[PDB]
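Let's start with one chain on its own, the form deposited in one PDB entry, as structure tokens.
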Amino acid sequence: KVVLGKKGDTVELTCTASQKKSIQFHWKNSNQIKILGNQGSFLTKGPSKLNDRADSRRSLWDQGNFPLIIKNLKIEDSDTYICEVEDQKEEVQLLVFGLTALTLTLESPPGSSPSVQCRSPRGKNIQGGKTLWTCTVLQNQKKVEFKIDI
């Protein structure tokens, strides 16, 4: 699974589990450093950079859903995040980029080399790389659309 979000937006990284007995979920990153998890109805938060921005809908814990919510994204918040309950573990890759402004620039995570492509309402494709109506950046299957003004 991959999710991609716009810098300064929130994303809800989903994680779900089918156990009737009461369990402890964990979220961590590629480095195996913990961002958050539960202990009963309490929320526990590891020493990661995310904290402040990292949270979960606790009201959904009782029925299996253990989401990781990051608010106000930052390019370096891009990572492969892992939700573990016990022995199972879902992964979710997050990749976040925004558009500065016209020479347009696309700051992305290091590792990802994306391409922005902008198309006007009746005028057509201006496709590039990092530097350059609706601007779409491409990575994996989907992209994320943007904006322009005259």
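Think of the rigid core as the biggest set of C-alphas that the two forms share within 1.5 Å after superposition. All residue numbers are counted from 1 along the displayed sequence.
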Residues of the deposited sequence left unbuilt between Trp133 and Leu132: 10 or more
Absent coordinates between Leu60 and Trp61 - deposited residues affected, binned into four classes: none
Mean Cα B-factor comparison, 140-148 or 1-9, giving the higher one as deposited: 140-148
Higher-B stretch (mean Cα B-factor, as the entry records it), 115-123 or 29-37: 115-123
Out of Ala101, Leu43, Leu94, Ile69, highest CA B-factor residue: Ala101
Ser108 - which third its CA temperature factor falls in, relative to the rest of the chain: middle
Position of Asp55 among the chain's modelled residues by C-alpha B-factor, lowest, middle or highest third: lowest
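Omitted here: the form deposited in another entry. The next part is about that form.
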Flag for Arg53, CA shift 2 Å or larger between this form and the one not shown after aligning core: no
Per-residue C-alpha change between this form and the one not shown, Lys34, threshold 2 Å, rigid core fit: no
Threshold 2 Å Cα movement between this form and the one not shown for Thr10, core superposed: no
